[PDB]
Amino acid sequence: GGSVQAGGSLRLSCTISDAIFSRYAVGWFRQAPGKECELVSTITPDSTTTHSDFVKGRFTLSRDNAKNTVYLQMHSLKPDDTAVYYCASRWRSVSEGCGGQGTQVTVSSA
């Protein structure tokens, strides 16, 4: 995982099945300690990106130009952004988005 002080930045990477990467939206999800899974943002193969209301421009998504990787760039991180972050496609519910291999993000106060 990655850890920063409040106000810091972090980039996450999601590598996902090439067949999925080429055809389906990829969603980023997160789950804070003791809280439920929530959808953060999505990106489609044409780089249309959606964001949940709490992102407020701080997190942005892009696709690698050569590999099956999506990037989540996070700026102006705050302690309540501490969570495990996950990526998934073809979810049947938001809960499923946090069922795979996630990465721990920790934001510590200044």
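Just count from 1 along the sequence shown to find any residue number.
Averaging the C-alpha B factors as listed in the entry, name the stretch that ends up higher: 62 to 70 or 81 to 89. That would be 62 to 70.
Decide which of the stretches 47 to 55 and 33 to 41 has the higher mean C-alpha B-factor, going by the entry. That would be 47 to 55.
What third of its chain, lowest, middle or highest, does the C-alpha temperature factor of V94 fall into? For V94, whose C-alpha B-factor we compare with every modelled residue in the chain, the answer is the middle third.
Ranking every modelled residue in this chain by its Cα temperature factor as given in the entry, which third contains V105? Lowest third.
Would the CA B-factor of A25 place it in the lowest, middle or highest third of its chain? Lowest third.
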